[PDB]
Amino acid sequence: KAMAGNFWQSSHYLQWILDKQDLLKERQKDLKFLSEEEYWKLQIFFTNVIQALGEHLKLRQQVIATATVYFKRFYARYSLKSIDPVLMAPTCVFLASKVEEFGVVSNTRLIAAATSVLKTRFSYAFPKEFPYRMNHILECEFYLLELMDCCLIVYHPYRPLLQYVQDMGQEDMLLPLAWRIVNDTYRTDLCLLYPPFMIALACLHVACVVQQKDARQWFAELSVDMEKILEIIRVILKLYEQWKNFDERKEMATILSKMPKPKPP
């Protein structure tokens, strides 16, 4: 519950709502090896590797959200070859569990979850076998804190969204779908560009469209720059168009070879 209503003063807002232009600028570095469409698919894919990871450890969604954000933050600044994303993702999950008060993941449990989930659910991408031990996780943890400048408290659309559907007054008919659409925004850069209240409002709006409810009254009563939330709507619809044309299990492996790799001494 800590710092729940401090977001306007948080380091999240004060140091991690980045400008799209800087994001795209620093992203030019990986674009020499990869295409724009492939990059998205790559970061979609590691969101799915983190989701899968936290699912196996029975971690609550916001622990898994914070870990996904940790990942997006790191590679928003540094290249895909800086640290192997296969090491980064379990490290993010590991840092989130501690930070998120959930509880240190058993050292045996973290490596076993890594190992099993690539084997079981991602065997099309990795035929190798998970290669890293607790030694590497702890080394990578230090690079992770350093890069984030130790901003570890992260805000997500789930809390504002509950307030919205509850205070709008049909909580049970809208929230399951809207919650899923919040889940799905983590396939995108939204968590880096907009406050979670705006994200949450755009996710509510799509859920109403899907269920055909007309909440125009309610929305126009809110004092929020609609032109901003409408950008998010377009991203989320672009998200669903992307999903249709993406066959991760048939595409990811060749994209994984394309992606730049760490160089030795």
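The first residue of the sequence shown is number 1, and the count goes up from there. Heads up, when I say rigid core I mean the largest set of C-alphas that superpose within 1.5 Å between the two forms.
Engineer: May I ask which stretch, 113 to 121 or 95 to 103, sits farther from the shown form in 8 other deposited structures of this protein once every structure is superposed on the core, judging by RMS CA distance?
Structural biologist: Output: 95 to 103, the stretch lying farther off on average in 8 other deposited structures of this protein.
Engineer: Check the entry's C-alpha temperature factors for 233 to 241 and 210 to 218, then say which stretch has the higher mean.
Structural biologist: Looking at the recorded C-alpha B-factors, 210 to 218 comes out higher on average.
Engineer: Looking only at CA atoms, which has the higher mean B factor in the entry: 102 to 110 or 188 to 196?
Structural biologist: Here the higher of the two C-alpha B-factor means belongs to 102 to 110.
Engineer: Taking the Cα B-factors listed in the entry, which of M168, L80, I181, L87 comes out highest?
Structural biologist: Answer, based on the entry's C-alpha B-factors: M168.
Engineer: Considering only modelled residues of the same chain, in which third does the CA B-factor of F71 rank: lowest, middle or highest?
Structural biologist: CA B-factor rank for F71: lowest third.
Engineer: Among the modelled residues of this chain, does the Cα B factor of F130 put it in the lowest, middle or highest third?
Structural biologist: For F130, whose C-alpha B-factor we compare with every modelled residue in the chain, the answer is the highest third.
Engineer: Could you look up the Cα B-factor of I50 in the entry and say which third of the chain it sits in: lowest, middle or highest?
Structural biologist: Bottom third by C-alpha B-factor.
Engineer: Would you please rank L57 by its C-alpha temperature factor against the other modelled residues of its chain and give the third it falls in: lowest, middle or highest?
Structural biologist: For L57, whose C-alpha B-factor we compare with every modelled residue in the chain, the answer is the middle third.
Engineer: Using the temperature factors of the C-alpha atoms in this entry, rank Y164 within its chain: lowest, middle or highest third.
Structural biologist: Ranked within chain, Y164 CA B lands in the highest tercile.
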